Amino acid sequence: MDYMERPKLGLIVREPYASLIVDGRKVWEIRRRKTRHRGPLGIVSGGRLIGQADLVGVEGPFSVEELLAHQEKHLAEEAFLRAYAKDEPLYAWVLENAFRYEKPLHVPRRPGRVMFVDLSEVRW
């Protein structure tokens, strides 16, 4: 929404989920773990930075059954959820203010691409 600042960190998201997020249709991003990161987060899909969203909270842990009660929030197929979770807990990263950039930006390809480990959940 016409911002001057850009996110410092990005998250790799596969289609169609990446698009659903930046197009503002998906406010819950499903992951196997929590994160304490808060604020803007770039959405990287197919090696291109297509947009961003603000990560404002994390809900969970959820069982697949509990997530199906929020189908409109994640738009994830039950078949894929179960095959993904593997009978284990899932979390939902809450997003808002998501938008798609006018032009997708290029992200450094592997292996030069710098990746950082999220240490926000480390037991200090």
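A residue's number is simply how far along the shown sequence it sits, counting from 1.
Asks: Take the C-alpha B-factors listed in the entry for 103-111 and for 9-17, compute each mean, and give the stretch with the larger one.
Replies: Looking at the record's C-alpha B-factors, the answer is 103-111.
Asks: Per the entry, where is the mean C-alpha temperature factor higher: 70-78 or 39-47?
Replies: The recorded data point to 70-78.
Asks: Among 29, 59, 87, 96, single out the one with the highest C-alpha B factor in the record, please.
Replies: It is 87.
Asks: Among the modelled residues of its chain, does the C-alpha B-factor of residue 53 lie in the lowest, middle or highest third?
Replies: Ranked within chain, residue 53 CA B lands in the lowest tercile.
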